[PDB]
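Residue-level listing of the chains:
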Amino acid sequence: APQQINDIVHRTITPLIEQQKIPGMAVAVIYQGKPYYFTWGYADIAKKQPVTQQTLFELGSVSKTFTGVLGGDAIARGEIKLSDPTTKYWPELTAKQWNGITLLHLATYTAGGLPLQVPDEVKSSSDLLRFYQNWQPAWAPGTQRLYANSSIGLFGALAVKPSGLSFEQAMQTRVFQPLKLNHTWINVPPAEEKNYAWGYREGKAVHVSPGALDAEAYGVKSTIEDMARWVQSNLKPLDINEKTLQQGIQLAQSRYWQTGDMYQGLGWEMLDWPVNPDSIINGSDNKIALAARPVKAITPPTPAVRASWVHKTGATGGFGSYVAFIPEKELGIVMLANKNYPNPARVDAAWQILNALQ
Ligand SMILES: O=C(O)c1ccc(CCNS(=O)(=O)c2ccsc2C(=O)O)cc1
């Protein structure tokens with residue numbers, strides 16, 4: 001813990017927790033590739049259990065970074081191609097709006113307006129097929145971006161089909177185990193519940209509810225230590241010894257589409273470094289309920305750029321998470337909290353910390 005990191009982290013996060021009334025928080029800073037950990041407050045207010053480096057937080061849409069990397073690993077295995085039609089992996093999807101919609105479009109939210117959430121009514125595999133068959137795109141494929149769990153969720157499910165494995169087993173064996181993320185879970189096992197923080201929403205304790213495509217879109221829980229290790233793996237994929245996983249991480253940071261100053265990867269989003277802080281700060285707003293934005297295709301996709309701000313926000317009803325890193329500077333941050341507080345306050349704190357260290 002060098003005093004400078006200690007000082008910028010406490011100087012930034014202390015007022016963040018006060019203003020946002022966050023019950024519990026863990027932060028990791030990766031600096032010159034080494035992790036430094038900080039924690040505050042309570043994993044479980046009622047039971048007086050503190051946040052520790054072993055506390056599990058719900059990552060919410062940060063889970064989409066794992067789905068994009070797992071998809072990247074399947075491409076690198078030669079199991080799928082992003083240029084494949086969706087129907088190649090789900091031939092029961094016969095409705096003609098699907099002609100021309102590829103795995104790329106599903107992975108990058110550019111299928112033509114798939115909705116943010118899969119309806120609660122949708123449970124069984126037959127419900128899911130009915131839902132997609134009935135879905136009417138607002139736009140031609142590859143023209144507009146509309147962030148959507150029903151889009152990347154479906155990408156994650158289709159992407160593991162040729163493997164033979166369930167999504168969870170594919171994720172454990174191909175991503176969590178090789179990276180030694182041994183306290184990262186799609187389903188929290190009973191032995192681990194003692195570490196699982198409660199989320200707080202309007203001051204009620206809550207955990208994420210089951211739903212269709214939950215594992216694929218928002219269902220991972222992890223510790224600050226594992227998430228530091230996730231950032232390290234994404235900062236420096238060349239250190240990873242599993243050839244397809246290395247390549248997969250690299251593919252998830254390729255630049256597929258541009259809107260404004262942002263580039264869409266698989267799960268990750270990226271901006272050129274140095275970034276305008278107001279551009280990433282205002283650019284995070286899950287207070288715009290639906291922003292549909294025109295995309296320009298990057299033909300062909302640019303390979304992972306080292307001078308990028310690579311990041312992802314994520315929330316559940318009770319949790320707020322943020323991950324950001326700059327490959328060229330070997331520098332990153334993870335912030336995990338058990339309240340869903342506004343995204344601009346996350347990116348502002350993250351930028352203030354990494355700016356000061358850069
Ligand atoms: O009980 C469920 O199945 C459930 C749980 C959490 C959520 C919110 C999870 N966050 S998210 O992936 O759906 C999302 C959506 C818009 S922003 C965002 C995020 O995670 O930042 C949705 C449904």
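Residues numbered from 1 in each chain as written, not as in the entry; some residues may be left out. Heavy atoms only, no water. Residues with missing side-chain atoms left out of burial classes, pairs and counts.

Deposited coordinates in this entry are attributed by the record to X-ray crystallography, at a stated resolution of 1.76 Å.

As named in the PDB entry, the chain is Beta-lactamase, taken from Escherichia coli. Quoted straight from UniProt, the Catalytic activity entry for the chain says "a beta-lactam + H2O = a substituted beta-amino acid". Checking UniProt for the chain, the heading Sequence similarities contains the comment "Belongs to the class-C beta-lactamase family." (UniProt positions renumbered as here; feature names shortened; annotations may be inferred.)

Caption draft 1: Representation of the sheet that holds strand β16 (residues 331–337). Pairing within the open sheet is antiparallel, and its 10 strands lie in the order β3-β2-β1-β16-β15-β14-β11-β10-β9-β13. Pairing within the sheet leaves two strands with one partner each, and these edge strands are β3 (49–50) and β13 (296–302). In this structure, strand β10 (residues 262–264) lies alongside strand β11 (residues 269–272), joined through 2 bridges in antiparallel fashion. When the bridges of β11 are listed, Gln264 appears paired with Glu269. (Pairing = 2+ DSSP bridges. Helix = DSSP H or I, 4+ residues; strand = E, 2+ residues; numbered from the N terminus.)

Caption draft 2: Region of the structure containing the site of the ligand. For the ligand, the full set of nearby residues is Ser61, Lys64, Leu116, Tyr147, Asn149, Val208, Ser209, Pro210, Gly211, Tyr218, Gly314 and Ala315. One of the backbone nitrogen or oxygen atoms of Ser209 is found 2.8 Å away from an oxygen atom of the ligand. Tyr218 is positioned with one of its side-chain polar atoms (N or O) 2.4 Å from an oxygen atom of the ligand. For the ligand, the accessible surface in isolation is 520 Å², of which the surrounding protein chains cover 75%. Residues of the shell around the ligand, tallied by class, amount to 6 nonpolar, 5 polar and 1 charged. (Near = heavy atom within 4 Å. Polar contact = N/O pair within 3.5 Å; in protein donor to acceptor, adjacent residues only side chain to side chain. Areas by Shrake-Rupley, 256 points an atom, 1.4 Å probe, with all protein chains shown as cover. Nonpolar A, V, L, I, M, F, W, Y, C, P; charged D, E, K, R; others polar.)

Caption draft 3: Summary view of the UniProt feature "binding site: a beta-lactam" in the chain. Per the UniProt annotation, the sites labelled "binding site: a beta-lactam" are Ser61, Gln117, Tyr147, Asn149, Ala315 and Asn340. For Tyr147, the location among the structural elements is in the loop between β5 (144–145) and α5 (149–159). Every residue in contact with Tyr147, bar those within four places of it in the chain, is listed here: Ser61, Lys64, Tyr109, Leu116, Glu269 and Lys312. Polar side-chain contacts of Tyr147 include one of 3.5 Å to the side chain of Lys64. Looking at the element boundaries, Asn149 is found in helix α5. Looking at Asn149, the relative accessible area reads 12%, which means it is buried. Once residues within four sequence positions are removed from consideration, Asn149 is found in contact with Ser61, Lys64, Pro115, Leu116, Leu154, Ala217 and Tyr218. Of note is the side chain of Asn149, whose polar atom sits 2.6 Å from the side chain of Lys64. (Contact = heavy atoms within 4.5 Å. Buried < 20%, exposed > 50% of the residue type's maximum accessible area, 1.4 Å probe, protein only.)

Caption draft 4: Examining the environment of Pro50 more closely. Looking at where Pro50 falls in the secondary structure, it is placed in strand β3. Accessibility expressed as a relative area gives 42% for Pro50, which makes it partly exposed. Sequence spacing of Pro50 and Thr39 is 11 residues, and the spatial spacing of their C-alpha atoms is 8.6 Å. Ignoring anything within four residues of it in the chain, the contact list for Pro50 reads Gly41, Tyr42, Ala43 and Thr55.

Caption draft 5: Quick look at the UniProt feature "active site" in the chain. Sequence positions flagged by UniProt for "active site" are, in local numbering, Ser61. In this structure, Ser61 sits in the loop between β4 (57–58) and α2 (63–76). With residues near it in sequence (within four places) discarded, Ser61 still touches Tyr147, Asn149, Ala217, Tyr218, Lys312, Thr313, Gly314 and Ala315.

Caption draft 6: The side chain of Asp44, seen in detail. Mapped onto the fold, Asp44 is located in strand β2 (residues 34–44). Buried charge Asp44 goes without a salt bridge, the closest partner of opposite sign being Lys47 at 5.3 Å. From its side chain, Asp44 meets the backbone nitrogen of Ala46 in a polar contact 3.1 Å long. Once residues lying within four places of it in the same chain are set aside, the contact partners of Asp44 are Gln49, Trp198 and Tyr200. (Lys, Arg positive; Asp, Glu negative; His and termini not counted. Salt bridge = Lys/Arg side-chain N within 4 Å of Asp/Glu carboxyl O.)

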